[PDB]
8 protein chains.
Amino acid sequence: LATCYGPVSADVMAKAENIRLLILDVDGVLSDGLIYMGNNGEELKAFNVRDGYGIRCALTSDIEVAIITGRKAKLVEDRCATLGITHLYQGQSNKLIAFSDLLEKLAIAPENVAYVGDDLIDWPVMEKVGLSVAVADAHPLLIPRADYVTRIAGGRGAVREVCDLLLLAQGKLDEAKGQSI
Amino acid sequence: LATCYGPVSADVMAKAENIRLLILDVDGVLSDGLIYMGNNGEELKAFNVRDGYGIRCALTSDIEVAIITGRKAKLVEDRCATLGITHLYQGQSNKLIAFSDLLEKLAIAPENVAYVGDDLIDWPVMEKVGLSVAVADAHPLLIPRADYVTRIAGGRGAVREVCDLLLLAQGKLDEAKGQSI
Amino acid sequence: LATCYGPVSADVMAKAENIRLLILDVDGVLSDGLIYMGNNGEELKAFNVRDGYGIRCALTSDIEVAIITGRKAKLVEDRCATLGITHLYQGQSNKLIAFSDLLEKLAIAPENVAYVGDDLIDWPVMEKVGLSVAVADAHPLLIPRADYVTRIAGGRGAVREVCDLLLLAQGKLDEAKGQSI
Amino acid sequence: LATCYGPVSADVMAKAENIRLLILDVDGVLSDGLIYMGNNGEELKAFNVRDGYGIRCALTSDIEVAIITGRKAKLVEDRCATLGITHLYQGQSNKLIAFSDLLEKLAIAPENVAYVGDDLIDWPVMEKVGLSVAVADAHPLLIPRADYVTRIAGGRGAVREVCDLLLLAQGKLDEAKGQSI
Amino acid sequence: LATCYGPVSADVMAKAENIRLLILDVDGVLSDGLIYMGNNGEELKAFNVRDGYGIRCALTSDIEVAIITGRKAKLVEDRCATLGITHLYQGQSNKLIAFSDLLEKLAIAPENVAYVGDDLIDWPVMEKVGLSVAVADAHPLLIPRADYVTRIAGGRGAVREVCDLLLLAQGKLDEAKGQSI
Amino acid sequence: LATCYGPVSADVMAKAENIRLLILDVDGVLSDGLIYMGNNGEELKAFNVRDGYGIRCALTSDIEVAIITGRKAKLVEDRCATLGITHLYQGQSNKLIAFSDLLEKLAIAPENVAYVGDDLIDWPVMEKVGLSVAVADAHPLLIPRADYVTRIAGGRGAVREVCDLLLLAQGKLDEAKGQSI
Amino acid sequence: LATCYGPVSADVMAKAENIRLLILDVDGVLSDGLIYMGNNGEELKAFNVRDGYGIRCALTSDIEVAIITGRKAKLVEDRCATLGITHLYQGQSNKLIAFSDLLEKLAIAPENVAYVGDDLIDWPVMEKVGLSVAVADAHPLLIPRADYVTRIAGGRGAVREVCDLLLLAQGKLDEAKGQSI
Amino acid sequence: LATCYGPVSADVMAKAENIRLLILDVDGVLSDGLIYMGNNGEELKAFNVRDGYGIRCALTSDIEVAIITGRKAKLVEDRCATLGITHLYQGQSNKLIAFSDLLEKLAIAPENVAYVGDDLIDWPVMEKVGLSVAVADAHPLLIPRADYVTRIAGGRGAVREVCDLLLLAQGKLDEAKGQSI
């Protein structure tokens, strides 16, 4: 029940034991929600190396990592490459289209999927997964709907927390090896 | 009287019920008030996807959104274009001019207007609107003057908070549809 | 979904709608867990008027308030008499005997019962009730087990928080009349 | 506008200028809302010396102090005698009667009166007074209704804060004299 | 390594593994350091129920509890009797004599003893014991000397945390039974 | 320049060097400002043991401890007797008479005197003494006037902090001895 | 004595009354101390619009603004030109040289100058000016040396706070106008 | 025993006294763990001037500074050039290889080495050094393993804190010189 972020329920741990796919949102989850825009059309976004370390640990521990986001940017493709993420969907408002696509591509059951969100747009997908997750500073209306609420804020180590939770539940946390990138 | 951010007065809710136009300042409201500057003259500014979802909800729920700011940047024009904001005024030191222009263009009364500010130069317009809003971390002197002080700080989701307030007051929050962009 | 303490899940509200009996612990729930002891043999315990107002509200709005505690003190009886709590259990280490006694004396189903606890000794009862409640500053291992976690600490208005929640779910908050005692 | 606890609005300062009578609730205002009960019938309530200083200042700066509380206790009469409070009403569920009694006894208009409450039961009186005040930790549903919300919690200096505001607004803060008792 | 109060080092767990005797100070550890005094000579002190729960768990799980304190009060004997603590040393300025006697009476080595302190007077004993513990709000000069620093402050559940640590280290946590008294 | 409570100025350290007398207020300084009153006439006040330890270290290091308070209570006389304090001035609204009485009976210079206050009744004395100290939670208008401001609040170890400052400045901190009473 | 950031002493207000020149460090004062660096040699620094408004108020209200920094960047020249600052000294590791040059060029006494620093490299200049200022999050060793310590952190509104303090002291605060740039 | 960040153990101070080489991780230690990425393949990272100052102090006080990181970026090389760091290892999966290379290059024993890490990838090296340090916001599992945990978070001044600690232990802090760069 107890973790390094605090105690979690026996139900949350049992759901986490069956997770084979980890779907993430970008803005608000892998970042604090900020979009950096410039005068010459530059777009910047901050990622956390702690979350990078976690994604590497999960991908090398038989847990697939996928991303479905509403925005479309070349930088997100570059971040997926650096971490080895091959399943990526950008410009997706109705995220169930991309969700149905992953279940058909990876032949995976919805109960074996985990989703980490931060806004109300994430819920239609969170409602169908085995382990719905909302970040600490997710929109107040999403927090009570998720199976688990992270202690660490979005883009501060929230994805890492979930990665550590999935690894601990499946008995891989200590054995896990990753790159803090 | 109850919201997802905390209790509000009936006065504030009744004010928000009549709002047809939401005017926003940029620096300190849509951002955390930070101006990122570069050696080759590059300028950057950070926006929140949470605010964007709120603005996207507002514009689809028959509430116009406008922006008045003292500075001028192409990046602001891009952010407005991303969100579908068609009413934008930049390089404005007297904001009452643009305020009167919006009243004439929309055939609207000052009471149907809400204004979110963060500094003393916002007050001349806030004094005249139906709902004056100061952000959590606004200038200490502006805070006591506004009808509503937000819980969330500028650039962290304060606009979304205001958007959610206007939608709840008009019974639109439940079926509100936007994009986290 | 919206309350004055923060947003709650639909499942917590649905559970609260069918609550006809509320059971409360004393130490750490009605008080802050402190036991004032004296040289001549005095004993003191602090209660909250805010909790008193809520307890009065529930009892006048068709919700029975009962108390099960592990310590025995005359002061508890006086507080029960002031608020109108006619069902009291003191000096009870095994709380399962007192719980099954309340169900038989009032002909009530376990799903129509809500319990507010603060320690591991409270869990046996909390497992079988319809709405299990843990206070904000409850024991770390008890927090994730409960259906709902209060925002307000024990002896600071946590009982009031539950009372307000039950009244809001049953649509009795606007008509609720109590005394600040 | 600026005070030593933080800035106040020009409207609140204007409301505090007319005040001749200051009515104070006990539980949650002069105390932190705690009721200390014993096994022989002992009842204790914590008062703040800092609040006592401000009360002695108001009574010497041509401002009358009154107390209306829903509970009856001898300790309250003892505190009133220590601070020189002549007007006292206890065991009052319908506080409008004690409020109407003060208006006729002192030949004072409702706009010249100020109340400091903490719970919903205080509101019917707070509606009719010239300056309605709620403490920093007053019930969530009362806070947005008051004209002024104090920075200091109940029984921590919240009365003193109100007292300091009335003295400053009437230009008597510097020449104010009181005893820290 | 991970507990419900947060992670601890492998060395702390191994030091807590051997503990057969837990010694606690009264003021600042079992209380928040406050001494309530009266005009007629009444002396009062606050104790925490969850501390009592942990002590009840400790005594039942083959771990002796002793108390050495500098003050003398009848209420301390009353508290020790309620929880079943037989070893009590009141009016002890020099806390070395009581420590030397407890080693002789219980026939125990210094590495199987754990002391929880809060001030500089507690150090001479803590220097010799196998597990020296300082409470969260101990004197700033004692904190960096102890083997483990609690997260919970004295009189708020600090003793419980220590008890829960020893029980988990000895593997008795799941089957530990106590009373919230 | 550096203490265990944080860095202090050289001027404050030099002022604390010549200190031979330490005058303390009772309410807001030795206590947190709370006065407990019963229906029978019982009065209670809390004192911190760590605060007592510092006072004991001061008296046994050629630093006299005096007490001037606006309130009059029997319990304070008992507290002075326990801590070995011989100087007491209770029921003093005009503290300039009591301060003049200390410079005459101990034959001491104002610059060798340190005062620890909490309210505006303490400044008339503090203005003339060598080291004027305000507690962390002193009245907002007193804080800026003092030479030094404590990190710890009144009744939680504020006096101890002042005592530690005086002893280290006089180089007696390492050799100091007291009891946690 | 009263400001919108909290109470200040009569001595600090007297110092701020005579200020004609405000000297500011860049990193840690006008920014939060961060230096953004890129692979192609890009360099960014963040500034606050609230600080901008304050500087614009000072310059138009007969208070010259100067900058002395140990680093050198083109972006700083661009920021000064936007704010209308004509006195800029970059790459100065001995800030005494640029200090004496300002006193000669503007014909001004040291007591009529204010300095806002964040690290120990700022002290040699701060030691000689009429009003030395350390920011809220300045280096712990610098803080207790300054005449005034700001409530706001560097690059968050600390400069605005000082600007407001000088304007309030000189009776220019109300009449002063600026731009949120 | 006392620093400007708070008290430390004599053991930590003794370990810090021996240090001749300081090895730092970049991400989460010199920065706050954020990787800024753009659509044109730009990469930005934030460094603290306060850390830069302390690094300049270390290198001019006979304490070498080295950097080992799992990522590889040109900006880091530029940052090292600004601060005079000559020992830099990038793209380092196995940090023990770089650790072995450093000790063989500089003829230095592990006991004379300090390492400041933030994640589990740093522990293998930290296990061998004389002073292992974890930043205030390091991964929860790393914190209790280190000899010293900093008060300041990564990229906010945690590296400066370590530099200050080494200099104080070696009696160099008072006369150490650096540049805010």
# chains A, B, ... in the order shown; residues from 1 in each chain; ligands from 1
>>> interface_residues(of="chain D", to="chain F", cutoff="8 Å", atoms="only C-alpha atoms", output="number ranges by chain")
D: 4-5, 42-50, 73-75, 78, 156, 179-181
>>> write_last_selection(atoms="N, CA, C and O atoms", output="tab-separated table (two decimals), in the first residue's frame")
chain	number	residue	atom	x	y	z
D	4	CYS	N	-2.48	48.03	8.27
D	4	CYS	CA	-1.35	47.23	8.74
D	4	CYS	C	-1.56	45.72	8.58
D	4	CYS	O	-0.62	44.94	8.74
D	5	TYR	N	-2.79	45.32	8.27
D	5	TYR	CA	-3.11	43.93	7.97
D	5	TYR	C	-3.19	43.70	6.47
D	5	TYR	O	-3.28	42.55	6.01
D	42	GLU	N	-17.54	21.59	33.94
D	42	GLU	CA	-16.63	22.69	33.61
D	42	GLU	C	-16.77	23.07	32.14
D	42	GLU	O	-16.82	22.20	31.27
D	43	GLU	N	-16.84	24.37	31.88
D	43	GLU	CA	-16.84	24.89	30.52
D	43	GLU	C	-15.81	26.00	30.42
D	43	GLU	O	-15.84	26.96	31.19
D	44	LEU	N	-14.90	25.86	29.46
D	44	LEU	CA	-13.84	26.85	29.24
D	44	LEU	C	-13.84	27.35	27.80
D	44	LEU	O	-14.15	26.59	26.87
D	45	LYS	N	-13.50	28.62	27.63
D	45	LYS	CA	-13.44	29.25	26.32
D	45	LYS	C	-12.25	30.20	26.25
D	45	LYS	O	-12.08	31.06	27.13
D	46	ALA	N	-11.43	30.04	25.22
D	46	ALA	CA	-10.21	30.83	25.06
D	46	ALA	C	-10.48	32.19	24.42
D	46	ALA	O	-11.03	32.27	23.32
D	47	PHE	N	-10.08	33.25	25.12
D	47	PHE	CA	-10.14	34.61	24.59
D	47	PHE	C	-8.73	35.12	24.32
D	47	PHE	O	-7.77	34.62	24.90
D	48	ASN	N	-8.61	36.11	23.43
D	48	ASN	CA	-7.30	36.68	23.10
D	48	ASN	C	-7.10	38.05	23.73
D	48	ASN	O	-7.98	38.91	23.67
D	49	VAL	N	-5.92	38.25	24.33
D	49	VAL	CA	-5.54	39.52	24.94
D	49	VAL	C	-5.44	40.65	23.91
D	49	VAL	O	-5.73	41.81	24.22
D	50	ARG	N	-5.02	40.30	22.70
D	50	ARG	CA	-4.88	41.25	21.60
D	50	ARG	C	-6.23	41.83	21.21
D	50	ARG	O	-6.34	43.02	20.91
D	73	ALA	N	-23.24	31.36	28.96
D	73	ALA	CA	-22.13	31.00	29.83
D	73	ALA	C	-21.73	32.16	30.75
D	73	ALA	O	-21.72	33.32	30.32
D	74	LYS	N	-21.41	31.83	32.00
D	74	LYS	CA	-21.01	32.81	33.00
D	74	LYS	C	-19.65	33.44	32.67
D	74	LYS	O	-19.40	34.61	32.99
D	75	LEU	N	-18.79	32.66	32.01
D	75	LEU	CA	-17.46	33.11	31.60
D	75	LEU	C	-17.49	34.32	30.66
D	75	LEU	O	-16.58	35.15	30.68
D	78	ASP	N	-17.98	37.39	32.70
D	78	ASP	CA	-16.71	37.70	33.36
D	78	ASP	C	-15.79	38.49	32.43
D	78	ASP	O	-15.12	39.43	32.86
D	156	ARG	N	-7.80	34.82	17.36
D	156	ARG	CA	-6.36	34.95	17.18
D	156	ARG	C	-5.95	36.41	17.05
D	156	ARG	O	-4.76	36.75	17.12
D	179	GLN	N	-5.81	48.62	27.05
D	179	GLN	CA	-5.04	47.71	27.89
D	179	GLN	C	-5.05	46.30	27.30
D	179	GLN	O	-6.11	45.77	26.95
D	180	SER	N	-3.86	45.70	27.20
D	180	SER	CA	-3.72	44.34	26.68
D	180	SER	C	-4.13	43.31	27.74
D	180	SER	O	-3.28	42.68	28.38
D	181	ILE	N	-5.44	43.16	27.92
D	181	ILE	CA	-6.00	42.24	28.92
D	181	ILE	C	-7.08	41.33	28.32
D	181	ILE	O	-7.32	40.23	28.81
>>> calpha_fit_and_write(fixed="chain C", moving="chain E", output="short mmCIF file (atom, residue, chain, number, x, y, z; two decimals) with C-alpha atoms, in the first residue's frame")
data_model
loop_
_atom_site.label_atom_id
_atom_site.label_comp_id
_atom_site.auth_asym_id
_atom_site.auth_seq_id
_atom_site.Cartn_x
_atom_site.Cartn_y
_atom_site.Cartn_z
CA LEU E 1 -20.52 17.67 -8.29
CA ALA E 2 -19.29 21.06 -7.00
CA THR E 3 -19.60 21.95 -3.30
CA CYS E 4 -18.44 24.89 -1.15
CA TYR E 5 -15.54 22.80 0.22
CA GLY E 6 -14.48 21.82 -3.31
CA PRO E 7 -15.65 19.39 -6.04
CA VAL E 8 -16.70 15.79 -5.33
CA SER E 9 -17.34 12.82 -7.66
CA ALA E 10 -20.82 11.82 -8.85
CA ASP E 11 -20.39 8.52 -6.97
CA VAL E 12 -19.70 10.28 -3.64
CA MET E 13 -22.80 12.47 -4.11
CA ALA E 14 -24.91 9.37 -4.89
CA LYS E 15 -23.48 7.56 -1.86
CA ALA E 16 -24.27 10.62 0.28
CA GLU E 17 -27.77 10.73 -1.25
CA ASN E 18 -28.93 7.58 0.59
CA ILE E 19 -27.45 8.32 4.04
CA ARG E 20 -30.08 8.20 6.80
CA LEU E 21 -27.61 7.69 9.66
CA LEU E 22 -24.28 9.39 10.38
CA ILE E 23 -21.89 7.80 12.89
CA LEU E 24 -18.92 9.75 14.26
CA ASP E 25 -15.90 8.97 16.42
CA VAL E 26 -15.02 11.44 19.20
CA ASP E 27 -11.23 11.76 19.45
CA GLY E 28 -9.57 12.98 16.25
CA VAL E 29 -12.93 13.63 14.57
CA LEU E 30 -15.09 15.81 16.87
CA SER E 31 -11.92 16.90 18.67
CA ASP E 32 -8.36 17.37 17.39
CA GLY E 33 -7.35 14.20 19.27
CA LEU E 34 -6.23 16.01 22.42
CA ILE E 35 -7.00 14.77 25.95
CA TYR E 36 -6.53 17.47 28.59
CA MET E 37 -5.73 15.98 32.02
CA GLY E 38 -5.15 17.46 35.49
CA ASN E 39 -3.42 16.69 38.78
CA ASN E 40 -6.73 16.45 40.66
CA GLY E 41 -8.13 14.14 37.97
CA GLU E 42 -9.97 16.75 35.89
CA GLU E 43 -10.51 15.62 32.30
CA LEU E 44 -11.22 18.13 29.53
CA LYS E 45 -11.96 17.99 25.79
CA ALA E 46 -12.53 20.57 23.04
CA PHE E 47 -15.53 20.55 20.68
CA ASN E 48 -16.35 22.72 17.64
CA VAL E 49 -19.51 24.86 17.40
CA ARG E 50 -19.87 24.59 13.61
CA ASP E 51 -19.74 20.79 13.94
CA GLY E 52 -22.59 21.24 16.42
CA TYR E 53 -24.42 23.45 13.91
CA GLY E 54 -24.19 20.72 11.26
CA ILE E 55 -25.29 18.02 13.71
CA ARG E 56 -28.25 20.23 14.70
CA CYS E 57 -29.00 20.57 10.97
CA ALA E 58 -28.68 16.79 10.50
CA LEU E 59 -31.02 15.73 13.33
CA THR E 60 -33.68 18.23 12.20
CA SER E 61 -33.38 17.10 8.56
CA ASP E 62 -34.26 13.42 9.19
CA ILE E 63 -30.68 12.14 9.63
CA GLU E 64 -29.83 10.33 12.88
CA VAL E 65 -26.49 10.93 14.60
CA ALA E 66 -24.73 8.16 16.56
CA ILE E 67 -21.37 8.12 18.35
CA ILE E 68 -19.06 5.15 19.02
CA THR E 69 -15.86 5.77 21.01
CA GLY E 70 -13.15 3.85 22.90
CA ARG E 71 -12.79 6.33 25.78
CA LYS E 72 -15.11 6.89 28.76
CA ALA E 73 -15.84 10.42 30.04
CA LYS E 74 -18.77 12.32 31.59
CA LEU E 75 -18.13 15.38 29.38
CA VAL E 76 -18.99 13.28 26.29
CA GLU E 77 -22.48 12.67 27.72
CA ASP E 78 -22.74 16.42 28.41
CA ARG E 79 -21.82 17.24 24.79
CA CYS E 80 -24.23 14.63 23.37
CA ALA E 81 -27.05 16.07 25.50
CA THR E 82 -26.40 19.67 24.36
CA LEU E 83 -26.68 18.72 20.68
CA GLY E 84 -29.50 16.19 21.21
CA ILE E 85 -27.55 13.04 20.38
CA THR E 86 -29.32 10.07 22.00
CA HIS E 87 -27.10 7.28 20.63
CA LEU E 88 -23.77 7.07 22.48
CA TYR E 89 -21.37 4.16 22.98
CA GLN E 90 -18.45 4.95 25.31
CA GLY E 91 -15.68 2.55 26.36
CA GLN E 92 -16.15 0.64 23.11
CA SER E 93 -12.88 -1.02 22.05
CA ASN E 94 -14.58 -3.35 19.58
CA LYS E 95 -16.73 -1.00 17.49
CA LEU E 96 -18.53 -3.80 15.61
CA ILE E 97 -20.98 -4.64 18.44
CA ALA E 98 -22.31 -1.06 18.59
CA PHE E 99 -22.70 -1.02 14.79
CA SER E 100 -24.64 -4.31 14.77
CA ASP E 101 -27.01 -3.00 17.46
CA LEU E 102 -27.67 0.34 15.71
CA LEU E 103 -28.75 -1.51 12.55
CA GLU E 104 -31.22 -3.55 14.64
CA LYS E 105 -32.52 -0.62 16.72
CA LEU E 106 -33.04 1.89 13.88
CA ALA E 107 -34.06 -0.79 11.33
CA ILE E 108 -31.57 0.36 8.69
CA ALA E 109 -29.43 -1.11 5.88
CA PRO E 110 -25.59 -0.73 5.80
CA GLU E 111 -25.66 1.37 2.59
CA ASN E 112 -27.69 4.12 4.32
CA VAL E 113 -25.04 4.51 7.04
CA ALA E 114 -22.01 6.83 7.00
CA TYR E 115 -18.99 6.56 9.31
CA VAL E 116 -16.38 9.26 9.92
CA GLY E 117 -13.10 7.90 11.31
CA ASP E 118 -9.51 8.98 11.98
CA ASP E 119 -7.56 5.86 13.00
CA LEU E 120 -7.13 2.17 12.05
CA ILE E 121 -9.58 1.05 14.77
CA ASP E 122 -12.33 2.86 12.81
CA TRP E 123 -11.82 0.79 9.64
CA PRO E 124 -13.77 -2.46 10.38
CA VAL E 125 -16.98 -0.39 10.61
CA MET E 126 -16.06 1.89 7.68
CA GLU E 127 -15.55 -1.19 5.48
CA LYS E 128 -19.25 -2.10 5.69
CA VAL E 129 -20.97 1.32 5.61
CA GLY E 130 -22.34 2.95 2.44
CA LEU E 131 -20.18 6.06 2.88
CA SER E 132 -16.80 5.71 4.60
CA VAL E 133 -15.23 9.08 5.46
CA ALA E 134 -11.72 9.89 6.69
CA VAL E 135 -10.82 13.29 8.18
CA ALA E 136 -8.15 15.52 6.57
CA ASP E 137 -5.59 14.67 9.28
CA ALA E 138 -6.50 10.99 9.72
CA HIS E 139 -3.84 8.27 9.93
CA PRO E 140 -2.05 8.07 6.52
CA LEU E 141 -3.08 4.40 6.13
CA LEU E 142 -6.82 5.03 6.59
CA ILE E 143 -7.02 8.00 4.17
CA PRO E 144 -6.77 6.05 0.86
CA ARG E 145 -9.36 3.50 2.05
CA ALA E 146 -12.27 5.92 2.55
CA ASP E 147 -14.83 6.89 -0.11
CA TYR E 148 -14.37 10.58 0.76
CA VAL E 149 -11.61 12.54 2.50
CA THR E 150 -12.59 15.86 4.10
CA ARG E 151 -10.67 19.10 3.51
CA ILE E 152 -11.21 20.30 7.09
CA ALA E 153 -9.20 18.61 9.86
CA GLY E 154 -10.78 16.87 12.86
CA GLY E 155 -12.06 19.22 15.56
CA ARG E 156 -11.82 22.17 13.16
CA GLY E 157 -15.11 21.65 11.28
CA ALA E 158 -14.73 18.24 9.62
CA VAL E 159 -18.09 16.92 10.87
CA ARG E 160 -19.81 20.08 9.55
CA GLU E 161 -18.33 19.40 6.09
CA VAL E 162 -19.74 15.84 6.14
CA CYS E 163 -23.13 17.16 7.32
CA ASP E 164 -23.14 19.84 4.60
CA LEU E 165 -22.30 17.15 2.02
CA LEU E 166 -25.19 14.84 3.01
CA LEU E 167 -27.61 17.79 3.16
CA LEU E 168 -26.64 19.03 -0.32
CA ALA E 169 -26.83 15.49 -1.74
CA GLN E 170 -30.32 15.08 -0.25
CA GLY E 171 -31.24 18.63 -1.34
CA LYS E 172 -31.96 19.90 2.18
CA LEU E 173 -29.04 22.37 2.43
CA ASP E 174 -30.95 25.58 1.58
CA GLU E 175 -33.71 24.91 4.13
CA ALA E 176 -31.47 23.47 6.88
CA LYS E 177 -31.83 25.23 10.25
CA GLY E 178 -29.42 24.73 13.16
CA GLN E 179 -27.84 26.32 16.24
CA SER E 180 -24.22 27.41 16.63
CA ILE E 181 -23.76 25.50 19.91
#
>>> select_by_dssp(residues="region 5-69 of chain A", states="alpha helix (DSSP H)", output="list in words")
residues 10, 11, 12, 13, 14, 15, 16, 17, 49, 50, 51, 52, 53, 54, 55, 56, 57, 58 and 59 of chain A
>>> write_last_selection(atoms="N, CA and C atoms", output="PDB file, in the first residue's frame")
ATOM      1  N   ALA A  10      -5.368  -0.396  -1.978  1.00  0.00           N
ATOM      2  CA  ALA A  10      -5.175  -1.745  -2.509  1.00  0.00           C
ATOM      3  C   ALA A  10      -5.823  -1.904  -3.885  1.00  0.00           C
ATOM      4  N   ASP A  11      -6.890  -1.141  -4.116  1.00  0.00           N
ATOM      5  CA  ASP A  11      -7.598  -1.128  -5.391  1.00  0.00           C
ATOM      6  C   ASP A  11      -6.748  -0.494  -6.496  1.00  0.00           C
ATOM      7  N   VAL A  12      -6.145   0.657  -6.193  1.00  0.00           N
ATOM      8  CA  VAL A  12      -5.281   1.374  -7.137  1.00  0.00           C
ATOM      9  C   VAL A  12      -4.068   0.526  -7.530  1.00  0.00           C
ATOM     10  N   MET A  13      -3.491  -0.166  -6.548  1.00  0.00           N
ATOM     11  CA  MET A  13      -2.335  -1.031  -6.774  1.00  0.00           C
ATOM     12  C   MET A  13      -2.684  -2.245  -7.641  1.00  0.00           C
ATOM     13  N   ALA A  14      -3.876  -2.801  -7.423  1.00  0.00           N
ATOM     14  CA  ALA A  14      -4.368  -3.948  -8.190  1.00  0.00           C
ATOM     15  C   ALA A  14      -4.639  -3.581  -9.649  1.00  0.00           C
ATOM     16  N   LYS A  15      -5.185  -2.384  -9.864  1.00  0.00           N
ATOM     17  CA  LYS A  15      -5.393  -1.846 -11.209  1.00  0.00           C
ATOM     18  C   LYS A  15      -4.055  -1.597 -11.900  1.00  0.00           C
ATOM     19  N   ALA A  16      -3.078  -1.118 -11.132  1.00  0.00           N
ATOM     20  CA  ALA A  16      -1.743  -0.808 -11.644  1.00  0.00           C
ATOM     21  C   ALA A  16      -0.939  -2.057 -12.010  1.00  0.00           C
ATOM     22  N   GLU A  17      -1.290  -3.186 -11.397  1.00  0.00           N
ATOM     23  CA  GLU A  17      -0.621  -4.468 -11.633  1.00  0.00           C
ATOM     24  C   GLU A  17      -0.895  -5.022 -13.035  1.00  0.00           C
ATOM     25  N   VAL A  49      13.238  15.882 -16.912  1.00  0.00           N
ATOM     26  CA  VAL A  49      14.121  14.707 -17.012  1.00  0.00           C
ATOM     27  C   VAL A  49      13.710  13.563 -16.088  1.00  0.00           C
ATOM     28  N   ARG A  50      13.024  13.911 -15.003  1.00  0.00           N
ATOM     29  CA  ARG A  50      12.516  12.940 -14.048  1.00  0.00           C
ATOM     30  C   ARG A  50      11.447  12.075 -14.707  1.00  0.00           C
ATOM     31  N   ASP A  51      10.577  12.717 -15.485  1.00  0.00           N
ATOM     32  CA  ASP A  51       9.546  12.021 -16.248  1.00  0.00           C
ATOM     33  C   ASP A  51      10.155  11.219 -17.390  1.00  0.00           C
ATOM     34  N   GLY A  52      11.241  11.740 -17.955  1.00  0.00           N
ATOM     35  CA  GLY A  52      11.989  11.046 -18.996  1.00  0.00           C
ATOM     36  C   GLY A  52      12.580   9.742 -18.497  1.00  0.00           C
ATOM     37  N   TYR A  53      13.162   9.789 -17.298  1.00  0.00           N
ATOM     38  CA  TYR A  53      13.712   8.610 -16.630  1.00  0.00           C
ATOM     39  C   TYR A  53      12.638   7.545 -16.415  1.00  0.00           C
ATOM     40  N   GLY A  54      11.441   7.988 -16.029  1.00  0.00           N
ATOM     41  CA  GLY A  54      10.311   7.097 -15.774  1.00  0.00           C
ATOM     42  C   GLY A  54       9.797   6.395 -17.016  1.00  0.00           C
ATOM     43  N   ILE A  55       9.647   7.154 -18.101  1.00  0.00           N
ATOM     44  CA  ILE A  55       9.177   6.621 -19.385  1.00  0.00           C
ATOM     45  C   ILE A  55      10.128   5.548 -19.924  1.00  0.00           C
ATOM     46  N   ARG A  56      11.433   5.783 -19.776  1.00  0.00           N
ATOM     47  CA  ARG A  56      12.451   4.804 -20.163  1.00  0.00           C
ATOM     48  C   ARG A  56      12.352   3.524 -19.334  1.00  0.00           C
ATOM     49  N   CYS A  57      12.107   3.675 -18.034  1.00  0.00           N
ATOM     50  CA  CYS A  57      11.941   2.535 -17.131  1.00  0.00           C
ATOM     51  C   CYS A  57      10.731   1.677 -17.499  1.00  0.00           C
ATOM     52  N   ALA A  58       9.628   2.332 -17.865  1.00  0.00           N
ATOM     53  CA  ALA A  58       8.396   1.641 -18.248  1.00  0.00           C
ATOM     54  C   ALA A  58       8.522   0.932 -19.598  1.00  0.00           C
ATOM     55  N   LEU A  59       9.122   1.615 -20.574  1.00  0.00           N
ATOM     56  CA  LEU A  59       9.300   1.066 -21.922  1.00  0.00           C
ATOM     57  C   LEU A  59      10.233  -0.145 -21.967  1.00  0.00           C
TER      58      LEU A  59
END
>>> select_by_dssp(residues="region 9-166 of chain E", states="strand (DSSP E or B)", output="PyMOL selection string")
chain E and resi 21-24+34-38+43-48+64-68+87-89+113-117+131-134+148-149
